[PDB]
Each structure stands twice: as C-alpha cells, then as structure tokens.
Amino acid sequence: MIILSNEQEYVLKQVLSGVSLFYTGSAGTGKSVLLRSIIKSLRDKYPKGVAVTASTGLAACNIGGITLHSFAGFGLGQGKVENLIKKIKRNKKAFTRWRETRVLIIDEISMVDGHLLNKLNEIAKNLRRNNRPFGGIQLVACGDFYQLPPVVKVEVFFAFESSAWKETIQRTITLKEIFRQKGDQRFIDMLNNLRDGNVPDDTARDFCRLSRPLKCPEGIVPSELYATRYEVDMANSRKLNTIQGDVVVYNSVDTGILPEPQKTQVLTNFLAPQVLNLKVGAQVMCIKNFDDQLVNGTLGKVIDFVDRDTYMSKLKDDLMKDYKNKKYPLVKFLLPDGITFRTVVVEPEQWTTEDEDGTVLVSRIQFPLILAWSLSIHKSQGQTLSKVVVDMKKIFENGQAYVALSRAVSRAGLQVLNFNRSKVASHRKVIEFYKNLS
C-alpha cells in the first residue's frame, strides 16, 4: 500500500539494529504507519517477544496493540512498585509476558506519565532479574510531545523527564515530511504554527474562515471532536434525538461479588455502556476485537433490530446470565479498507473485572457498541479523519487544539467552531525539550 520514505526506512533500520530509541515528528508524519512496519519486521525475528502498546485504547487499536497499562498488569499502577510487582506476579499471564518481551513499543508517548514510566522501568528490572535499562527490553517510543500531555487530576511529569527515559532512550530521530495534509501546504503551515503556541494573525484568521458548514454526501457523516465528555455525550444525544424511529433502549446486566460502593465505582469505568440507546441509522463504534477485519474502534451503521434466532467451562457459566432480551442490532461496519462494508448481527458480550485466579469480581453484559458520532479530542489523538467538525469551546489543555485541528486530511473537510488563540498553548517543558534537540 504505502512505500516508506527514506526517513521512515532509516528509523526502521535503527529499530531493527536493537537500539532503544524515541522517534518523533509532527502530526501525520507517518509515525504509526512506520510503526506497523516495525512490528511486522520485528516479529519475523521475535515472534512472541514484541509488545505493542499505546497510551490510549484507541491509539493502541490503530497499531494492533493494547494499552500500556493493560500490558503491564498494573491495573492503574497507582501504589508503590513493591506492591505492583506482587500483583503482576499473581497474574501469571502478565508475569510470563514481562519475561518473554524483547521489544516494548509505546505509541503516543506524549500521554505517558514519567512516573508511570519509572515504575515500568523498575518492574522490568525486577521481574526479569536484569539490571539493564528496562531489564534488557528494547524500548521504542513513538509520538509527539507537542500533542496532549499526560492526564493529571509541576504535577505534569513528561516522559522525557523520567530517569527511565534518560537511561534507556539512546537516540532520537525526527520525521519531517507531513503526509496527512500533504496536498495543502498552507494548511501544513497553519498546523505547524500551533505547535509552540504562538499563532500568527493570518493562521488564526484562516482557521476562523473554516467555521463554514461542511457539505457532504447523503451518507457521509462528519466526525465531531470536543474537549469534554459532556459535549461528546450531548452531541451523540442530539444526533440520536433528531432521528425518528422510537429509540431502542438496551440496559446492561450488571452483576458482581464486590461490595458497594466498590462495585458501582468499578462499573462506572467500563467502556461498555450501562444504557445503550440505538435508533435506525445511528452512528456506532464496535468496542471489541471480534474478527481480524472487525476490531475494536471500527465504525458502523445500524440498519435494523430483530433476531428471534431466525434471521438466517466459564462460557456456559455466563450464558445463563444472557437473558437474550429479544432483539439484536443489525450493524454494517466499514472495514479497515476505506470503501467496503460488512453487515453483521451484533451479539451481547461480557466484560469482567477479575482476580488473577479467574474469579470474576464484577460482570457487565452489553452489546459491544457505543454511539460513535462524536469523540473526545484525547481519544482522537492518532486518528486520521477525512471529514471532521472541531468545536474548540471547552479546550482546556496544552496541545489539545493542535491535536484536534491536525486530525483533518484537508481544510475542505474540516469545520472549526469557536476558534481562539487563547485555546492554543504548549507546555514550557515541551518547547525546551525540542529546542535542546540540536
């Protein structure tokens, strides 16, 4: 599909030489595309020893991986390293993975906290009896620190400040050619100006001119980016509430042996929704990796709701809980090829909080769907969007404007609402980082 540039090939060459490194570049410079090639090559060599990870769930799906937290076995990794190590040792699946890992890839490194990275460093050494940096694991960090910083409640501790980073990262390589907006050089200039936070008048004016409504085909739906979840949930709601069709309500079956409030506080953070509201034609996103083609993050469109089964050791212990309501959603999913579709009948799935031995502590049964329509700027980081409307109203964080506006392929498929330079800012420590790279 894609020929790697000579810059992309040079990075790949360094990674295959075993050097622990961080490679960076502006939004859309082909970092993740290269990363997928790195993965393929590194896995010919170490078939079971390449750990693919990203800071967020959606950015991990973009490279066929899992979150950094999920790879570790940390849960949230909040306590002290002495306790985190015991927890990981109880998870014999994660403990084995820590010892069999040869390369650790972390995409979207900007959102990885340096304190988390220092714990991962100490845990790597301990579990592997290896005093090398990261216990001998080759660290491959990939991302852009002008993009979103680690999420906080200076408290913000960037990854490049950690002692782990300084003793492990041996080389930094910068990709310079921007592919996502390559057709529009002015657009690239405007996006680049946002990086350091200083926005010239012409760039600011050129973004305000994008407030014009987008005109799209009948079936082309533009993605909506917002800073907060309230907006995302409201934007999904208003879109659903305009569709007629007597909205179908799917309540989740929530069980568990944990006491309260612990059980409620665990369920609150499940991606699967407690109440899934669906109409006909509602935009949706799959949140489970079913197939090699239909994976977590795949966008789709619901066409109908009926199945009385006619439309043609623990598993059983969990099938009893499946009352099967009466009706499954019929959803047509745009496959990861851009054009073709695949319609499938979406069955309910189970998400479990468990203990290392296998005893499920909390269970939620729900269809693996969320009304997609809208999306947080945080979760957009890493995505490419052909047609997108960005509402900068509640932007509160450094690099959030830059990430949001840089998701677009072109200005013709981008609408910007409530643009303001006050919303465009970068962290002092990020700017000094990139200026020291000389």
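Note that residue numbering begins at 1 and tracks the sequence as displayed.
Gap between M312 and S313: 10 or more deposited residues without coordinates.
Here the stretch with the larger average CA B-factor, out of 365-373 and 24-32, is 365-373. Per-stretch averaging of Cα B factors for 167-175 and 340-348 places 340-348 on top. For the set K182, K92, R102, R205, the PDB entry puts the maximum C-alpha B factor at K92. When the C-alpha B factors of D291, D144, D107, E231 are read from the deposited coordinates, the top value falls at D291. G256: CA B factor in the middle third of modelled residues in this chain (values from the PDB entry). Among all modelled residues in this chain, the alpha-carbon of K45 has a temperature factor (C-alpha) in the highest third.
For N126, the recorded CA B-factor ranks within the middle third of the chain. Only modelled residues enter the ranking. Among the modelled residues of its chain, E155 has a C-alpha B-factor that falls in the highest third, as given in the PDB entry. In the PDB entry, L148 places in the lowest third of its chain by CA B-factor.
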